[PDB]
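# Fold and contact review
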Amino acid sequence: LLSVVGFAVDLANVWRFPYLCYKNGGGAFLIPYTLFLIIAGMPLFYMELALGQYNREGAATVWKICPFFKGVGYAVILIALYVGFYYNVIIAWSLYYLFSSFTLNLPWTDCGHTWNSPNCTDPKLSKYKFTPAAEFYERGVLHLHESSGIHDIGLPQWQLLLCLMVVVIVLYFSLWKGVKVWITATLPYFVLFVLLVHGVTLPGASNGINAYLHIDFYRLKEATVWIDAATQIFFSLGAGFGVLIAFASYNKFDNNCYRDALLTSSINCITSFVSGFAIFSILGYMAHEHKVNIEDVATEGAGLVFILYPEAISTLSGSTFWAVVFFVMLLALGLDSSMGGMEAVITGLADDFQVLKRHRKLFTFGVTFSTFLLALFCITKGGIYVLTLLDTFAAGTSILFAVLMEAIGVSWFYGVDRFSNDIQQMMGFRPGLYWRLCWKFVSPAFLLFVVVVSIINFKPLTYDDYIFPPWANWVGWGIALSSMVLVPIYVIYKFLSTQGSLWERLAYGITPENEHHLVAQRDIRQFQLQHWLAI
Ligand SMILES: *[C@@H]1O[C@H](CO)[C@@H](O)[C@H](O)[C@H]1NC(C)=O
Ligand SMILES: N=C(N)NCc1cccc(I)c1
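Residues numbered from 1 in each chain as written, not as in the entry; some residues may be left out. Chains lettered and ligands numbered in written order. Heavy atoms only, no water.

For this entry, the PDB record names cryo-EM as the structure determination method and reports a resolution of 2.8 Å.

Below you can see the structure in the form of structure tokens.
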């Protein structure tokens, strides 16, 4: 019953939300987060679920309702493929930490090991990169010290190569035949609650809680926090990768997508809040232990959780049991999230091409073995730089633009009243005025604003104290545009491939393929003002 908390929690909420929150202060990130969850996240979540469940198609072939928008399905499939590259490397880190967490002297506790620089500092006898946990993550896991930047990235690390190989083999044998246990669905919440309890009882964590609950508004005057919050909203819920549409493809018709959207968004909100709470309790405790400030006590990159959660584990009694339990939780959660993403990709491209649906094993090998070879850039010596580049640009302005185009193609060109009648046929009740106003007007306007301020207010990409070269930002914007350009390219392809006059081309591009016999009789809904004045 209610296998929804095992979809409402994913590696985003527990790995990416921590550093996005910490990077943007305390609750100054939580105000835009819940705002976008109320006006944009939940409406588009419910819209994607209803679309997939009604049309019975994946992310690419759901756009037979307005053919000019299939480029958006291609774009979200490419977003998912881009995210998988650096997303399986986080699972490789999880597996390496789980393998290293089977000793009784955890390697992130003392710093008399071999991966330690002569500049270590121990609070048991600061610059937040000379601590045993940070020096284990950077030099004992990543081997980042052997890399001068993103230009000088070495060869893929051997042991991380083994971990990534295991991860990719597991993903293949999970996805090679199946169309897709509850303990791996409730263990995230158990671990998060244990961590919350210990964090609130930690010494020095009151300061972290005060810093987390403190809402500074000069940070809200700027635009970085809003773009971060929007991107995290569409990264956590999954709207923008084709995962919700591909998973609703297999739902029953009478399934209540409304209550699933409501409950998933609510669990996501409370889970992210409790996750930030635990994270900042650990951060306050770390600032107390290392005798520094909370603002410069840890990294603001993707490896923040691999320094925070080991540091909290190192305090609990029986630290090895909790290390093993936490990293099994993280590994299983990441594996489920990656199964979801790769199954979104495979379902989209297999409902699009029937030869890809017939050869499920070969196509799964092609999708998995390609994200393995391209994840070899993120497991190099300077692969944290490639992972930062991808995390910044693979799902950035791209996913916002993609969900904006989904909302537009469903609300304005397909019809929001047509979509509402579809939903009323599926479940039995019209969505409601709040939902239609968010689908048609509110969510598209906010998404357009965020995309525009994301393109016009763009900060150059940096790691902790390392500035990426300009060509790195050019490469990142090329990665972001490789998906945002699929929509106009498909519009121009579908326009230059439809026989007929200009108006017949427009009609055939905006009319669902199920009703392409109407254009012959010149009966097009979108060509009347009544269609666009439907609220
Ligand atoms: C350690 O600190 C010294 C400062 O005297 C510096 O010269 C050296 O490069 C540092 N080694 C590292 C960061 O590995
Ligand atoms: N659960 C969310 N929101 N994302 C998970 C995800 C997305 C794209 C690709 C992969 I691999 C995994």
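### Considerations on the site of ligand 2
All residues adjacent to ligand 2 are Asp-10, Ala-80, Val-83, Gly-84, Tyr-87, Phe-235, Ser-236, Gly-238, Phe-241, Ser-337, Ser-338 and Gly-341. Here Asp-10 contributes a side-chain N or O atom positioned 2.7 Å from a nitrogen atom of ligand 2. Between ligand 2 and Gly-238, the relevant distance is 3.3 Å, taken from a nitrogen atom to a main-chain nitrogen or oxygen of the residue. For ligand 2, whose unbound accessible area comes to 370 Å², protein coverage reaches 94%. Those elements that place two or more of their residues in the shell around ligand 2 are α4 (70-100), α10 (224-236) and α14 (319-352). Broken down by element, the residue count for the shell around ligand 2 peaks at four residues, all from α4. Within the shell around ligand 2, the residues separate by chemical class into five nonpolar, six polar and one charged. (Near = heavy atom within 4 Å. Polar contact = N/O pair within 3.5 Å; in protein donor to acceptor, adjacent residues only side chain to side chain. Areas by Shrake-Rupley, 256 points an atom, 1.4 Å probe, with all protein chains shown as cover. Helix = DSSP H or I, 4+ residues; strand = E, 2+ residues; numbered from the N terminus. Nonpolar A, V, L, I, M, F, W, Y, C, P; charged D, E, K, R; others polar.)

### Here we look at the packing of aromatic side chains
Applying the stated criterion across every chain, the model contains 60 aromatic pairs. With 6.3 Å between their ring centres and 80 degrees between their planes, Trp-15 and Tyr-87 make a pair best called edge-to-face. One end of the pair, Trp-15, is in helix α2 (residues 11-23); the other, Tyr-87, is in helix α4, and 72 residues separate them in sequence. Here the two residues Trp-15 and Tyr-87 agree in accessibility, since each one is buried. Three or more aromatic residues link up through ring pairs in this structure, and these residues are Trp-93, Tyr-97, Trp-108, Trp-115, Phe-136, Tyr-137, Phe-306, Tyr-309, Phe-326 and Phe-327. The ring of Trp-176 is capped by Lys-361, whose NZ or CZ atom sits 3.8 Å from the centre of that ring. (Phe/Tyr/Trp six-rings, centres within 6.5 Å; stacked < 30°, edge-to-face > 60°. Buried < 20%, exposed > 50% of the residue type's maximum accessible area, 1.4 Å probe, protein only. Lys NZ or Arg CZ within 6 Å of the ring centre and 35° of its normal.)

### Quick look at the state of the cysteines
The full count for this structure, using the stated rule, is one disulfide. Disulfide pairing places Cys-111 opposite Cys-120 at an S-S distance of 2.0 Å. Given an S-S torsion of about -120 degrees, the disulfide between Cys-111 and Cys-120 has left-handed geometry. Residue classification places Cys-120 among the partly exposed residues on the basis of a relative accessible area of 21%. We note that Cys-163 lacks a disulfide partner, and the nearest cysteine sulfur, in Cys-378, lies 15 Å from it. Residue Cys-438 stays outside any disulfide, its sulfur separated by 15 Å from that of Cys-269, the closest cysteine. Judged by relative accessible area, which is 3%, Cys-438 ranks as buried. (Disulfide = S-S within 2.5 Å.)

### A closer look at the pattern of salt bridges
Counted under the stated rule, the structure contains nine salt bridges. Two residues, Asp-465 and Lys-127, come together in a salt bridge whose shortest N-O distance is 3.6 Å. Residue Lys-127 is classed as partly exposed on the basis of its relative accessible area, which comes to 30%. (Salt bridge = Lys/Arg side-chain N within 4 Å of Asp/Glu carboxyl O.)

### Remarks on helix α16 (residues 360-374)
The periodicity of an α-helix, 3.6 residues per turn, causes residues three or four positions apart to be oriented the same way. For α16, spanning 15 residues, the distance from its first C-alpha to its last is 21 Å, which sits close to the expected 21 Å at 1.5 Å a residue. Along its buried surface, α16 packs onto α4, α6 (158-175), α14 and α15 (354-358). (Expected span 1.5 Å × (residues − 1). Contact = heavy atoms within 4.5 Å.)

### Let's talk about unusual backbone geometry
The phi torsion at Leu-2 lies on the positive side, around 55 degrees, for a residue other than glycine. Mapped onto the elements of the fold, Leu-2 is located in the segment before α1 (5-8). For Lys-291, which is not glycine, the phi torsion reads 60 degrees and is therefore positive.

### What about the environment of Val-345?
Along the polypeptide, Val-345 turns up in helix α14. Sequence separation of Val-345 and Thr-364 is 19 residues, and the distance between their C-alpha atoms is 9.7 Å. Non-local contacts of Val-345, meaning those with residues more than four positions away in its chain, are made with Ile-77, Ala-80, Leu-81 and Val-367.

### Some remarks on the side chain of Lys-440
Its location among the elements puts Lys-440 in helix α19 (residues 433-456). There is no salt bridge for the buried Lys-440, and the closest opposite charge comes from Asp-417, which lies 7.7 Å off by N-O distance. Setting aside anything within four residues of it in sequence, one finds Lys-440 in contact with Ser-411, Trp-412, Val-416, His-531, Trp-532 and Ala-534. (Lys, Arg positive; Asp, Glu negative; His and termini not counted.)

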